[PDB]
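Below you'll find only one chain, the form solved without its partner chain, shown as structure tokens.
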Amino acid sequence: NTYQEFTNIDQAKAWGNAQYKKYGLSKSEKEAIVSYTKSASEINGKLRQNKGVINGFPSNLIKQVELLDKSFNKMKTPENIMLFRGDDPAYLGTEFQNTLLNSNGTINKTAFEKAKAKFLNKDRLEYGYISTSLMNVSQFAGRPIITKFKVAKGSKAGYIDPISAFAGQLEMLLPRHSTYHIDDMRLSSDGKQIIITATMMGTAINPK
């Protein structure tokens, strides 16, 4: 299976904007998505902490989460696509927070081997929503960990960039409680980054 990889910002925006125009999101769904782009770290943090159980959340956050979940009934990718993220060391676990990079700003080889043993050829379940970009955009592309997600035609995925509170992110949102498989992990040419290739399986949250 081949996955569409956008190579040009204008081409990516054109395609994304075309997708967004057809979603027919409701007023309430749009409000929930706007708020997500302002408060994603709080929302995803609480989802991770509680392993996806939202019963104890404030009433307004339950409503927001259920609206985001339901919005994916309208938001699917029309083709196999590649999506991107940049992550900081803690993404690999607490043990990598202050050990992944050496004093030169280069990936420590012992940490890289430990990360490979931990994640290579394994599944990973994410309790939060996954914010991605259509390309490796500048804002996040200098982070030490770059992930390329292979997302199959028909999968829940939404270009929310047109109503995001923030610019330059080419943001495609993926549903919460998604599982992906780490296929490949290697250092970059200059040794400053870990490039991860993963295959998106899909989400366990499927209302309606």
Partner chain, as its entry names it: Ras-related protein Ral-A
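Numbering follows the first chain given and starts at 1. In this text, rigid core is short for the largest set of C-alphas that superpose within 1.5 Å between two forms. Shifts are known only where both forms have a C-alpha.
As listed in the deposited structure, the average C-alpha B-factor of 41-49 and of 170-178 is greater for 41-49. Averaged over CA atoms, B-factors in the entry run higher in 106-114 than in the other of 122-130 and 106-114. Among the modelled residues of the chain, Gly154 sits in the middle third by CA temperature factor in this PDB entry. Per the PDB record, residue ranking by Cα B-factor puts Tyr91 in the middle third of the chain. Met135: CA B factor lies in the lowest third for its chain, per the PDB record. Per the PDB record, residue ranking by Cα B-factor puts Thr147 in the lowest third of the chain. Among the modelled residues of its chain, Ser28 has a C-alpha B-factor that falls in the middle third according to the deposited record.
The protein also exists as the form solved in complex with its partner chain; that form is not presented, and the subsequent description refers to it.
For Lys46, a non-hydrogen atom is located within 4.5 Å of its partner chain in the bound PDB entry, even though that partner is not displayed. The closest heavy atom approach of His177 to its partner chain in the bound PDB entry falls within 4.5 Å. Mapping the unseen interface onto this chain, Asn8 falls outside it, with no heavy atom inside 4.5 Å of its partner chain in the bound PDB entry.
Mapping the unseen interface onto this chain, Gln4 falls outside it, with no heavy atom inside 4.5 Å of its partner chain in the bound PDB entry.
The contact residue chosen from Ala32, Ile146, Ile54, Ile182 relative to its partner chain in the bound PDB entry is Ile54, the criterion being a non-hydrogen atom within 4.5 angstroms. Residues from 68-88 that approach its partner chain in the bound PDB entry with a non-hydrogen atom closer than or equal to 4.5 Å are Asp69, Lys70, in the order they occur in the chain. Here the rigid core is superposed between the shown form and the other one, and of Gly168, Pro58, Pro162, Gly142 the C-alpha of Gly168 is the only one to shift by 2 Å or more. A shift of at least 3 angstroms pushes the Cα atoms of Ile9 and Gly168 further from each other in the bound PDB entry than in the displayed structure.
Relative to the superposed core, just one shifted segment between the shown form and the other one, defined as three or more consecutive residues with every Cα moved by 2 Å or more, spans 164-168.
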